[PDB]
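Every chain is numbered from 1, with letters handed out A, B, ... down the list of sequences. As a basis for the values below, the full set of heavy atoms in this structure was taken, side chains included, without hydrogen atoms, waters or symmetry mates.
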Amino acid sequence: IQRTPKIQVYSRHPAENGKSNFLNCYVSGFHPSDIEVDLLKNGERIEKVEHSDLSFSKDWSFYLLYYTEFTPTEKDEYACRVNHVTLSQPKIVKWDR
Amino acid sequence: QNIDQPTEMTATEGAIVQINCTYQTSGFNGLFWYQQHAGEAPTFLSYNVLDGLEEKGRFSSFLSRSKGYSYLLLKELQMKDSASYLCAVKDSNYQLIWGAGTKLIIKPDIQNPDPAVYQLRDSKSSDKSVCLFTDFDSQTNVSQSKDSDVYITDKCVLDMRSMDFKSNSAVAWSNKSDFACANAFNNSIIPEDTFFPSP
Amino acid sequence: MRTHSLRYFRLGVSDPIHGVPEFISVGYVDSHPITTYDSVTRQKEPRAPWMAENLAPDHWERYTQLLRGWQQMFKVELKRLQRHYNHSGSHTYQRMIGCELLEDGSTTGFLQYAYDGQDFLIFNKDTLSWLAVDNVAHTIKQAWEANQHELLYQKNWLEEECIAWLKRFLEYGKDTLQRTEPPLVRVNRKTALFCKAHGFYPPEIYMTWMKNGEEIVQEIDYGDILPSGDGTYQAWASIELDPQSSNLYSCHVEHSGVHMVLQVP
Amino acid sequence: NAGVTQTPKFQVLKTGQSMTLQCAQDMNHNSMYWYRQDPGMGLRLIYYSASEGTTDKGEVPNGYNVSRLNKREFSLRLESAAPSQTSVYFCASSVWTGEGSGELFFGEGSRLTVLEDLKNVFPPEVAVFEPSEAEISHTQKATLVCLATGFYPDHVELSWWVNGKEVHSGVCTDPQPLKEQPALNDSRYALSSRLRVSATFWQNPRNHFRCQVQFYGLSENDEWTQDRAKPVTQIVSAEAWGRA
Ligand SMILES: *Cc1cc2nc3c(=O)[nH]c(=O)[nH]c3nc2cc1C
Ligand SMILES: [Cl-]
């Protein structure tokens, strides 16, 4: 069976405009393991983006955490973009704060 | 980490022998027993990893993890059981630690002891005189020579399969002028009824 | 202590795209990765500093050899499964083994396998037998159960060795694994009440909404426990507000032996 | 169906000389091992190979190296022989490793003696002694004795041949050799064997008895500078005929 990834985008701390923070994109429950993730800033692809090693769940699916340091402002919109074998096209999830 | 077993054990044919193996290890993934006949390769006898006794023909193997000890139990002993028995333990990293081995010596049941010392015939190609101590009971031990020019071998068990007949023997030889079979085994404690044929 | 666990996973892939490893194995203590190995590095490496600092090089070298051997065995096993399924293309094989030391002192132990992310074989260490999900697994089950000693070995490793490894690693990483960081909890309005916790360690946390004292399981929306990225976690749970009758709603959070209540006035 | 095949069976070496021991297994095993066995202690791992394409040191790696040539073969190299490498070497294999349950399958063993100087290698002198007439009349059995004496190192195989066929029934050979001079670390050795037959078998004048000792010693490339004959690998024997 193939399992499509669950995508959640959130900040490390409660966001406050002007206060430095970390944008997280936690991608879980997918199978098989090949996957492609990007953090977006205003629809552009952020360059310096870290991620954990591929992780394993008891139910045999996988999970990953992609993140980047940032300072949230009122205007800039932030997103996570995921591609997987289960997806016809990339799936974009915006940071709803 | 260390593993300990007795150096050597002696039992009588037809009886039962228990060979012990104690081990101190960090971690435990199993205990193996191996049989090694003299001059030959060890071969797998048994494996224990949970507690208790497992039987396999005449051999049984026992394990107590909490005591860190195992024994190999051999019943109805036969001469072909003469061998070294090697105990080995798999430690927490799946590395084998080997005991030094236990040499099992089996005493044949001699049905009609007839102890005697015979002089063999000289060979024209050798200066040695040769004496054979033979047919004695298995409780008799053969001592090494006290004279540096006298050679005495340890006792050997021979099987005449056609007659289903076993016998102990030891050989002594020398080329000294004063050497005689009547005194060849004078350093051994030999049966009082030992037959010494007239020279 | 609290409950702790030790688990090792293996992933094997039959026809991996270029770059992606054929084989990967990762160990975990609770949610923390502790060790990793793959077919590209061919080396076992720590994934937690307190593992690196407490295990001499002879340990990393020994399991590097063992892992290279396990990688080849895993390839052979995946090859046989995909022949017996008569399957083309790329397929995955997975294994999970480990144990739990519970707070009450009792222990559990598990070992299981998956093919294409679905249960394939499950070990039962009390009946010393394998549960097969289909007839390819049943063929493998017959061969594994014919070697009774290998079953006994797994029982011993799960009940004794794994628990001893877990206690040893729990001591190594005790400053991490045995600490408590209490949650910061608030209630926001979005209509629905959202109860949000963050900043907490360990990750195990129970959040729920009460209405007038009774619970409302079918009405609560539970969010996942999520890594913040700094070693702590966050979570939430929402409840949909009734606009036709007032009710006393309260959020209830339990973490590491402490219960909290946030009444929404 | 061969199991584990290792060579050579016996080897003598001068200090400083090189040697490669061969090992092959036809069992389709993945794990292979080289052990040394010495008196008074357990087997010690020298090197091992958990799987094709990887090898690593054991407990006593110094002075040795290994090559896992393929799935089947695992060779042990001594590059500069030292007297402390005098030992019996055993190659072994197992289906896998890092499983707890699997036993090892051992090769036949390689007996290596390393010497500072080959000047104390000797073949055995072999003599056969005919049965005692007193024994024949007292027991109706006849014991022949073969003595193999003065050889060094203890690299011999003694066999008995009756009417041109090797025999084992009725035979007992000392399991351990006798040090002719017990106090010396390089003492030459003695070995005895008995063959016991019925008196009626001994008393047939057409029956032929022979004791043969195969000695494993020097070879063509070994340098020899003593006045006596070069102690090469050879067979030494002695015979007797039945006596009416
Ligand atoms: C470092 C490591 C060790 C390990 N040990 C295992 C063991 O002893 N038994 C198993 O069945 N599986 C194991 N897997 C591993 C994996 C890793 C990475
Ligand atoms: Cl992809």
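For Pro227(C), the parts lying under 4.5 angstrom from a heavy atom of chain A are both the backbone and the side chain. Only the backbone of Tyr113(C) comes within contact range of chain A, with heavy atoms under 4.5 Å apart. Heavy atoms closer than 4.5 Å to chain C are found in both the backbone and the side chain of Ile1(A). For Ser33(A), the part sitting under 4.5 Å from any heavy atom of chain C is the side chain, from C-beta outward, and nothing else.
Taking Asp15(C) as the reference, nothing meets the salt bridge (charged side-chain N to carboxylate O under 4.0 Å, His left out) condition, with sequence neighbours excluded. Considering only residues two or more places apart in sequence or on other chains, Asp134(C) meets the salt bridge (charged side-chain N to carboxylate O under 4.0 Å, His left out) condition with none of them.
The candidate with the highest count of non-hydrogen atom pairs below 4.5 Å against chain A, out of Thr92(C), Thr36(C), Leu184(C), is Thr92(C).
Partner of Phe23(C) under the ring pair (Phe, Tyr, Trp, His ring centres under 6.0 Å) criterion, out of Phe74(C), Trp70(C), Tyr93(C): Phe74(C) alone. Screening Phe123(C), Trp130(C), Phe120(C) against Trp144(C) for a ring pair (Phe, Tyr, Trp, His ring centres under 6.0 Å) leaves a single residue, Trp130(C).
Atom CG of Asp230(C) has more than 12 neighbouring heavy atoms from other residues, nucleotides or ligands inside a 6.0 Å radius.
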